[PDB]
Amino acid sequence: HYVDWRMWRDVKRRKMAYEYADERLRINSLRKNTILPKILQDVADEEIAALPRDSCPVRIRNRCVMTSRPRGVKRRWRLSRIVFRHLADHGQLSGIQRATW
Amino acid sequence: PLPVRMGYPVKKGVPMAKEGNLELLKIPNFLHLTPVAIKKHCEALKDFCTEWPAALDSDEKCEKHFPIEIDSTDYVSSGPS
Amino acid sequence: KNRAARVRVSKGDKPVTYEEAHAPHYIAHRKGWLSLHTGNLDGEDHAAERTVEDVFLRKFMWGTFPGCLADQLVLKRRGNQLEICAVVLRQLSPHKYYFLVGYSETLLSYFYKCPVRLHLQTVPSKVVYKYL
Amino acid sequence: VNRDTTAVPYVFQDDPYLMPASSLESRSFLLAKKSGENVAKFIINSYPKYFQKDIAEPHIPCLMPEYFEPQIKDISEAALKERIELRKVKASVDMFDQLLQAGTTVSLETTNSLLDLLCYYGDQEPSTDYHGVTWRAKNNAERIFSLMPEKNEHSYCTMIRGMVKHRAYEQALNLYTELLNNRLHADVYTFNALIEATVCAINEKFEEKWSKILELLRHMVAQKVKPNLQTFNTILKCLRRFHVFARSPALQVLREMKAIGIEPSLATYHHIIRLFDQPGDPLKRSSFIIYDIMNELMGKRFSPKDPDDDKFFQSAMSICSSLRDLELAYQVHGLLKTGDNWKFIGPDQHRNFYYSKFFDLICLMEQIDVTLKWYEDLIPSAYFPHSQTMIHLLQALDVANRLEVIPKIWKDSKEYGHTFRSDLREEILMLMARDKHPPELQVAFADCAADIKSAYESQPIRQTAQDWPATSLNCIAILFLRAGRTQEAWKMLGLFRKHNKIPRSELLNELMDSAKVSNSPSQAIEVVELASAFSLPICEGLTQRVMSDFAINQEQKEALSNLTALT
Amino acid sequence: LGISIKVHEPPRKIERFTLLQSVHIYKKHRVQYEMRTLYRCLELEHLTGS
Amino acid sequence: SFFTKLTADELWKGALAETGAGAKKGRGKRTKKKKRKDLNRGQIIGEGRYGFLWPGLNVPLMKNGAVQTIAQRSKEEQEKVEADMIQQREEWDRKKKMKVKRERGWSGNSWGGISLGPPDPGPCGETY
Amino acid sequence: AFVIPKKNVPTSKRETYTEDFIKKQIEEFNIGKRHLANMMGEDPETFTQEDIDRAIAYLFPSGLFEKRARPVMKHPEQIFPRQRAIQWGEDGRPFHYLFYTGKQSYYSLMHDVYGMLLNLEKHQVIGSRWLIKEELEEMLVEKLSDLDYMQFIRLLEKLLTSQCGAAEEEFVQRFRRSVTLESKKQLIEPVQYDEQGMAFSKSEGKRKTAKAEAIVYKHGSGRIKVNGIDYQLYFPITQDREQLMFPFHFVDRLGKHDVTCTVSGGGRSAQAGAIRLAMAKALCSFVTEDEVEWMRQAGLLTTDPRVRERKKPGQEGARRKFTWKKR
Amino acid sequence: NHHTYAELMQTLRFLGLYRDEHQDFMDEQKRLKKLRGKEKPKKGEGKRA
Amino acid sequence: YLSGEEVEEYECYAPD
RNA sequence: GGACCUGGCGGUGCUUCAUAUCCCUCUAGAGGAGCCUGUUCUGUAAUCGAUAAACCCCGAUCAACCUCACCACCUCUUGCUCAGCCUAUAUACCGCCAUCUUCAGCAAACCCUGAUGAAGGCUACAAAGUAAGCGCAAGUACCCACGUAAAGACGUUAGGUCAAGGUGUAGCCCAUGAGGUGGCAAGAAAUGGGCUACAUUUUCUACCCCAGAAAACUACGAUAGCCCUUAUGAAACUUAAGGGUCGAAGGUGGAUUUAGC
Ligand SMILES: [K+]
Ligand SMILES: [K+]
Ligand SMILES: [K+]
Ligand SMILES: [K+]
Ligand SMILES: [K+]
Ligand SMILES: [K+]
Ligand SMILES: [Mg+2]
Ligand SMILES: [Mg+2]
Ligand SMILES: [Mg+2]
Ligand SMILES: [Mg+2]
Ligand SMILES: [Mg+2]
Ligand SMILES: [Mg+2]
Ligand SMILES: [Mg+2]
Ligand SMILES: [Mg+2]
Ligand SMILES: [Mg+2]
Ligand SMILES: [Mg+2]
Ligand SMILES: [Mg+2]
Ligand SMILES: [Mg+2]
Ligand SMILES: [Mg+2]
Ligand SMILES: [Mg+2]
Ligand SMILES: [Mg+2]
Ligand SMILES: [Mg+2]
Ligand SMILES: [Mg+2]
Ligand SMILES: [Mg+2]
Ligand SMILES: [Mg+2]
Ligand SMILES: [Mg+2]
């Protein structure tokens, strides 16, 4: 019931990234220092690379929550420029008005 | 019971009457906070208050007896959380 | 030519309400906002969640009171209270309006986990601001 | 803040189209709103997954779905206890039988907790949203009880109380004998139920019933059981049948409560009030029972102690109307207005009865200047009036010679759902047309009579032949004449023939005075023509008046001669 | 209530942002929006916790 | 998605295509034309497929002086309701299909000779 | 007979407010006026229209920028547009002999003025302006063309040039609206005294984003302190110092006053301009009235309104456009 | 949660407590496409077999 | 047109 | 075929105009160089759309995976969905816009002229026009009444967009749908826009304007090339920052052309 299959894939990517966040955080901590032996850090590199690809947070896309538009989105409202304006131009977004100065 | 009108009038027209007036419904009115009500409300809330010590007349006197100041902030927003 | 939220001139037979007759540039000048909350103030959070809730409540009430709404909803939030103020027509029997008020208030209170109240103002007919 | 007198109760939507306009809509609008809430809860509990996202901080336990189904599917004692908390009578019995056949041990406390469930509901399922004697002879409760291996005092107590609750009075007394044969001691709650069974088991004379009860109470003292409020309240509630015989015995119970230390509640006086308020002359006794009961309760705040506490005010007001004592009614209403005592008024049916007897007593025994203050404060803010109180209000205006208010009572009557009440419209018209008044008042009475006429014409019984009473037609016509709207009066004369309603003598005489002023002979003959149809004796004498008073044309003279031929 | 109170108005904040006007292309044509945050500050002094 | 749904007016304005370069100059002709239909016409508030009977919305609130409870129509009793609505829908379509034929003029496609009725009544209560 | 669709709905037309409607609107306003006075705990008898407007702003706070769209509770006379009365009776005869002109009020006025000009023949500026067409259109309660307005004015001027008497002067003044002329004379700051008793004046100045506050002492040696610094150390650019010199030099008072000024915001040049304006305004307290008018006419007492213009979207700058791409 | 919103309002439409004008529109277009012969094929029984 | 063109009160308090 | 009317057009007349505006005049630019970026073309197994004014740092306030809609291979079939489709049609559309508009007109309902032809309807010392409504205007926003924004009707270009979303019509349903893995996106060239330059009103340092040095093959000049480190990330010859090395064209740019009161 999500807008499209692309929004559904991002929904799953956000779910998997939340599940593996702690595991990736702990493994990364081992890789992001010059204190531990390289032999231990090289093993940690392989461990974080073996995790599911969709656990990686860089693959998450901030899409419009109502239209799934991947660009032109305003993060504060999670809406595309088109959907934001439709609500803004009808006075349905509290405190938002056209700017003249 | 007020003949209040609101709305930018059309040419040779008048501001819209209160019946079915959405602009008056959009206003956060203060009809429940008339000066008569506020004064009656505060007369009942006096029993809940305590008296500030008279000895602490000035800020310099407060600093003498109470040298530590603790600042905290509370935030009132609208929503479920 | 600009199109956004502009009812276009016709033959003088199209009745428009005060809200419909004012294009977006009159927002905050001649017409106010249909929802009031703190999410869009500087330093405030959760604007996205308040916005989604407002879009749902507008669609929910449109289909819950089909053919009865005579104007846009006005949504008010104070603390955790959610007040929905609607101008409706006088066609449905009063029993059906009380059923839907009880039904809608209860269903929305459990959906959004907040005390929700619905305030209905009835009008004999849609209030006409001008004939475009 | 105080009550807003211009508004209906807060539960209703403050909108003229959605505000209740009658006592019937006052009840039905709230039931329709409650129905909507039930439909919402039915959906919430049927589809809980849609309402499981909790975004509230702090958590709101009361805005989450409820789960009425057991989640333990193993067969064991700890799984039976779950079905007992959910009050699943059948599932708990089935789970108890299977558990027993398997031979596993079920604790005593749990076996009792199963009886409390069966004995309370009578082995029947409690009502849900959607899927005579009631102590079923074939009942799981009696069976499980017999099969029970070890039985404690609590087991018998729940069996005796359940039988009495379901009206198995005779069985409960028989079981109370075994408890004594087994050297067991019952509790106060069991004794309360046995007192009810002693009175309701068999029909006997008071002296026989009054001797058994005193034996139960003495037994309660032998077993070192202390009586509670419900013990004394059950005695008084059960003595209602005997009336005069129990009047002095009932007062012995109340005096005993005070000494022992139990405090009479509102229910304790409701039962005494009902016992003394038997049909008859209340002045002999009921007068000084209610006067002493109110001096005791004066300035007392009440707390809920008995289920019948919400019936005292309805009972107390009922006697003040019977005694026709308005000072006592003010004290009863004063007690209702002290602190939070207004919450003991009762359900909507009791609230409307209390205010009906209260207001009907004000209109009767109170000055009209104050009566109209209560009328504004009580209606519609407190209750919607019955059509019989509008009449009691008009009868009060008549006695006070303030008839300029009649048009207001008609406007209010319509706003309260009495537009099409026959007894009411007839009363209003008769008072308005009873006597002549100054021209200013007479004009006002004609604006109301016109509005009443419209009500008769546009009735919702219009599908059935319109019933135009004779008095209503006579009064409405007379009011038009006295106001000078003669044109409207002359038109109405047709309705006397259409509905075959006898014209009143006064109406015919006043029509002549309107003709002699207009010097219209034809209209004057139309009057003599109408009275002639009904063969009224005044007509023959009226024909003589018409001859002299009005010039009679040859055609008119022959027309009178035609009526003279009928004579 | 007998509380000493002073009032002043901190400077308002206007947050503006720009958006494309058309659904497709026409980059040089934008719609600009703003949110105005106004402030009032009530400063109470020498009051107890109750 | 629930949030991608629109109102009936929006859907008909798009589907009908009455505003556009097609309708500006009659660039598009309409032997087959989308006709607007009001889909809320015969619909009763409270009536759904499951056949639930909500007291106070689609069935009477009180029955025999007592408040009715939530109930559901039987599978057979609901089929009749559904069939009855389809027949009522075809009856409405047939009532609109039954339109009185007007007499023709000098020819079947000619306007000449056709009566237009009496002139409209003038402002000052004038009639023709 | 046959059917043509009905042309239109009559309600889709301009409305009108009958006399009885206004009469009942005034009863509502007077009852509501007493309600509003009761709401605010004020005496209903002494409740004025200024009190009503204040109470309505409190009870119904509206931030809409256009005041005409805000809640209002005014006397119906103020709210409802003035309505022309019936122009004929029951018999249908118009009241005014110029009814059929369609402009009876305008032509009745021209008729009265033309008649006065004739009677004179048989017998024989700075503070006032002529009313505008929109004010004549209200005295007459009719709509007028632009040439209709001119012809009426040309006829009044022709009446002033004549030997008009007192009766012919009260009439013309009905159409003369006083034009209020604003005083351009510079307001003089008060002369204050410090702890030591030295007379001084204080003023302020703004240039772009720079804001300055200057204290000019009546007597001194020509010392200027800018944020506690000597002006030549604070303003190393010679043009910024020339700006400080301009006010004193123009009135021949170099080396006669001491200045201590504070300036914030803007750049070096904008700050020197703000100080120039602040010093000139304060210096006006110690010069003659004629000298203050000479400083005004030299541009020394006028706040420069020239501030940075916003950039617009779709163009490189406030005015510069993006290159029009080669075609 | 687009699932909750769609499934909640779909359930309410079947219960008769929510009128989905959009869904009603889609239902009429699908109904008139059957009478026109443009019906959805059975899975596995498409035009290509 | 020749096929045909067929596009084709009292109030009470507390009604029943 | 005759006569007339409208529109279009005229290497069509006359008069008055354009105010950053058509020409000249004023200032800084583009057109030449390198680089950044778009487009075209070519290339590739390997998207799409915009594409004279009114496309070309345009949808993108943004593509290493993801995004993604593309290609190759493999896989699934009541499938996240009471399925799905970024499949065709913007010449079926809604929605949101470009353009004239740096306009001032549009126009219902009436009235009148032309014999009741297509058509036309102004004269102020006035001769048939009255006109609601919309636009302009007014008002409001920003620092004023100024300016700048905003606004800007009807209509024109079947203008742009089915790939924002929705949707009519037609099409696919073991595939024109869904998932996974890897991969493409280069430059023989052409061209638009921008950046940095060619230096002395300059270059470097201190300072933020009273200074000392530099100043033609070790000068000015790369934000490019190459090497290294770092930041982000699971993943960086690739993306960004910094350093080292390197020290090129360029010596103020023809016809032409852009912007600014
Ligand atoms: K031509
Ligand atoms: K160049
Ligand atoms: K279009
Ligand atoms: K689309
Ligand atoms: K399509
Ligand atoms: K360039
Ligand atoms: Mg990304
Ligand atoms: Mg534009
Ligand atoms: Mg034919
Ligand atoms: Mg610039
Ligand atoms: Mg170049
Ligand atoms: Mg293309
Ligand atoms: Mg195209
Ligand atoms: Mg083009
Ligand atoms: Mg890939
Ligand atoms: Mg990719
Ligand atoms: Mg595809
Ligand atoms: Mg197009
Ligand atoms: Mg201006
Ligand atoms: Mg603009
Ligand atoms: Mg404007
Ligand atoms: Mg095209
Ligand atoms: Mg495929
Ligand atoms: Mg480099
Ligand atoms: Mg790294
Ligand atoms: Mg070098």
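Residues numbered from 1 in each chain as written, not as in the entry; some residues may be left out. Chains lettered and ligands numbered in written order. Part of a larger assembly, values for the part shown. Heavy atoms only, no water.

Header annotation of the entry names cryo-EM as the structure determination method and lists the resolution as 3.09 Å.

Visitor: Describe the protein's contact with RNA strand J, listing the residues and the values that go with them.
Guide: Among the 117 residues in the neighbourhood of RNA strand J, the closest are listed as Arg24(A), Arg61(A), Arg85(A), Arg319(G) and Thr323(G). Residue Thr19(F) places a side-chain N or O atom 2.6 Å away from a phosphate oxygen belonging to RNA strand J. Residues belonging to the surface near RNA strand J are distributed by class as follows: 38 nonpolar, 26 polar and 53 charged. (Near = heavy atom within 4 Å. Polar contact = N/O pair within 3.5 Å; in protein donor to acceptor, adjacent residues only side chain to side chain. Nonpolar A, V, L, I, M, F, W, Y, C, P; charged D, E, K, R; others polar.)

Visitor: I'd like a description of the pattern of salt bridges, backed by residues and values.
Guide: Scanning the model with the defined rule gives 73 salt bridges over all chains in all. The partner of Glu215(D) in a salt bridge is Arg218(D), with the nearest N and O atoms 3.7 Å apart. On the criterion of helical spacing, the pair formed by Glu215(D) and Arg218(D) is a turn pair, its members being 3 residues apart in helix α9 (residues 206-222). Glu215(D) gets classed as partly exposed once you look at its relative accessible area, which sits at 33%. Classification of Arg218(D) as exposed rests on a relative accessible area of 51%. Of the charged contacts, one joins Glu296(D) and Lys300(D) as a salt bridge, the two residues approaching to 3.7 Å between their closest N and O atoms. Several salt bridges share partner residues, and in doing so they unite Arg50(C), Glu53(C), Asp54(C) and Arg77(C) into one network. (Salt bridge = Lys/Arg side-chain N within 4 Å of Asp/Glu carboxyl O. Helix = DSSP H or I, 4+ residues; strand = E, 2+ residues; numbered from the N terminus. Buried < 20%, exposed > 50% of the residue type's maximum accessible area, 1.4 Å probe, protein only.)

Visitor: Let's hear about the packing of helix α13 (residues 286-297) of chain D against helix α15 (residues 326-337) of chain D: which residues, and what values?
Guide: All names here are of chain D. Interhelical geometry of α13 versus α15 gives an angle of 35° and a closest axis separation of 11 Å. Like other packed secondary-structure pairs, α13 and α15 cross with a definite hand, here left-handed. Counting all contacts with α13, which are made through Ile 290, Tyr 291, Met 294, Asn 295 and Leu 297, the residues of α15 involved are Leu 328, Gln 331, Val 332 and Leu 335. Of the residues assigned to the contact of α13 with α15, the class counts are 7 nonpolar, 2 polar and no charged. (Axes fitted to C-alpha atoms, helices over the stretch in contact; angles between N-to-C directions. Left-handed = near helix turned anticlockwise from the far one by under 90°. Contact = heavy atoms within 4.5 Å.)

Visitor: Please give an account of the nonpolar core that cites residues and values.
Guide: The biggest cluster of nonpolar side chains holds 241 residues, and the ones touching the most others in it are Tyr103(C), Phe312(D) and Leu12(H). In terms of residues, this core owes the most to one element, helix α2 (residues 94-112) of chain C, which gives 11 residues. Not counting residues up to four positions away in its chain, the partners in contact with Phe312(D) are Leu266(D), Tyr269(D), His270(D), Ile273(D), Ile293(D), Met294(D), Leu297(D) and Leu335(D). Counting 29 residues, the second-largest nonpolar core is a separate cluster that includes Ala210(G), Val216(G), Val259(G) and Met295(G). (Core = buried A, V, L, I, M, F, W, Y, C linked by side-chain atoms within 4.5 Å.)

Visitor: Which residues make up the environment of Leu53(F), and what are the values?
Guide: Residues and elements named next belong to chain F. Relative to the elements of secondary structure, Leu 53 occurs in strand β1 (residues 52-53). Looking at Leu 53, the relative accessible area reads 18%, which means it is buried. For the pair formed by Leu 53 and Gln 68, sequence separation is 15 residues and the distance between their alpha carbons is 9.4 Å. When neighbours within four sequence positions are excluded, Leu 53 is seen to be in contact with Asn 58, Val 59, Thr 69, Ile 70, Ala 71 and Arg 73.

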